[PDB]
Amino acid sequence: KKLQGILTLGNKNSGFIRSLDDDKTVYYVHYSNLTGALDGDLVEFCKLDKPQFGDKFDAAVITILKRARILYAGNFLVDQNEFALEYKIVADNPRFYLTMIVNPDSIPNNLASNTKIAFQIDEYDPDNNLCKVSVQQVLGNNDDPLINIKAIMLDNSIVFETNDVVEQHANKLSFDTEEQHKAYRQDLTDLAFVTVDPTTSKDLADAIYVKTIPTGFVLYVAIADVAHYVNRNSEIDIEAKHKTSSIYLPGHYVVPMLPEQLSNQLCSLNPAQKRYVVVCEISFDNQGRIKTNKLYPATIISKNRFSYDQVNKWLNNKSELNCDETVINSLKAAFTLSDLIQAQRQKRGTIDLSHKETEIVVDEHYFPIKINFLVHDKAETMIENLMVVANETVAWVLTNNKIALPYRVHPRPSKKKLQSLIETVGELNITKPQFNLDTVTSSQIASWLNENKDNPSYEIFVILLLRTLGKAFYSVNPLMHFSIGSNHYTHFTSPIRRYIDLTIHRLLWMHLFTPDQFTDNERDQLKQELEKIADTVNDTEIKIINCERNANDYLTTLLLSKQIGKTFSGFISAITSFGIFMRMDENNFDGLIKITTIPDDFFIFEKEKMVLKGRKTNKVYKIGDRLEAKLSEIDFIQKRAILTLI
């Protein structure tokens, strides 16, 4: 018969097709055999008669079954030649390789050159890779960095435009004063809950209070009661389900999963306002082992809105925070519990995969200024520990009550991927591990990292381990979370900005808090949808991560384009057939050193060790080597910084 699979385009816009079969078989397809297909398209293909060159079969596309996109971002150009106007579009995406004939009836008379637009394909000629396109949206000035970020979101299918019906529905909502007197809702408004968040955030989902008892501690994790305001399958909910999460882009810019009157006002646990929450209350003994837990709706008043910067500076006795003594005692008790919890998590097995992370600072016109390294201090570590224990507790409560739910899962990595990792890292003098590769535990990977922290190449070690370990995702099947270290885990603590957390809250309400206010058909309708919700969230998480990486590259190469001629030190992060990727120390960005212009020899890529070796002199470039290199150009088409060795 005929085969079917998804096309992925890479270097030079050749690529491969991943079949939909059981084996997920991979076939190579050269540019010349794409027959009009674009990156991400689902295609029908045939396997060519020609004998396999090696590695895998080569393929050709027969037809396109379903396009990955309907709109594409691009730059519109107009010029006058003779007495006739000429239109051109240059697609933002370098994998959009078709030559475009612009339908003139789609061009407003007032559309000026160098305007970012979105277009659709009206027709295509598979034999010449030329197509007719129509402008569908005018986005704005092509030189404005914010317009390019919005184009990137559009190119990744990420909704960002205001939805007028949804904003009007959200503006109708208000605080129901009578909800707090419900018998099922515990009044906790006297307790000294507080919030600790980055200084600029206005969506505050979580508040904490920790009390000491003679036998140990009681922790209160209060999470904004989003399900109270957002009814399932309402206009607001449907839009939230489409987004699946809030998006945070550089420089301030947030696309919220929920509109602002909810995300930053009615649900945000803002200081001094009465707010409805769902509380996970956990009592601990003096060893930090969970003794009991209860979940229940409540009312709170946050007493203080703190930043991470404020709490960390207070920790080092440099400055101090203006709050009641009950808050001070809760914060001190929260830190004691958090250090204690951290110790219990390491004992049970948990993999600390921390590494360098960055953010891009932009000015008032969205132009990038500099790159900052992020820190993850005690206060951020403290909140993280309390949020993890609540998430894990809720996962177990729902499982124990036999309620189907979406877990946050992370499977054990395969034996083959680990062995591949082991060989790669031996050239970096990372110890060979002693554990069994089929059975290796979280505890054993953590110990393995530990016996190597002082190695100069520990940073790239963690990078390679992170790729070996792979993606976490959501699943209704009760799979383990290998890197966190638990057999059951979910996302409960952030429903203002993640749709899964909202779903978890709904499950709590419908099965445990007020099952009597819902019918069995409501419970079964949600149960039947869980796997589709997990699928959409997983698919959209990929799009968001790709969107962030596009924006990081666009903004970082735009910033470096003004620093041509500076020399940067760094280390080799990857070796490819077309050259070396070097990660620059000062900005954590990978630049490309093209193979052809490496000095002193002619270098050949050898896939065996993933090195470049010089045909004479035996010079070897390998992953991890320290380098110094010159910034020679910015490739604005592919958004790669190109470097030359010094």
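Position 1 is the first residue in the sequence shown; the rest follow in order.
Between 366 to 374 and 521 to 529, it is 366 to 374 that carries the larger average Cα temperature factor according to the deposited entry. Taking the mean C-alpha B-factor of each stretch as recorded, 65 to 73 and 43 to 51 are not equal, and the higher mean is that of 43 to 51.
Considering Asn81, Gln186, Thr399, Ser268 together, the PDB entry gives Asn81 the largest C-alpha B factor. For the set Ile564, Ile238, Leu219, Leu464, the PDB entry assigns the largest Cα B-factor to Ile564. When the modelled residues of the chain are ordered by their C-alpha B factor, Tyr124 lands in the highest third. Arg348 sits in the middle third of its chain by CA B factor, as recorded in the PDB entry. Ranked by Cα temperature factor within the chain, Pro515 sits in the lowest third according to the deposited record. In the PDB entry, a CA B factor belonging to the middle third of its chain's modelled residues is recorded for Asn110. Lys243: CA B factor lies in the lowest third for its chain, per the PDB record.
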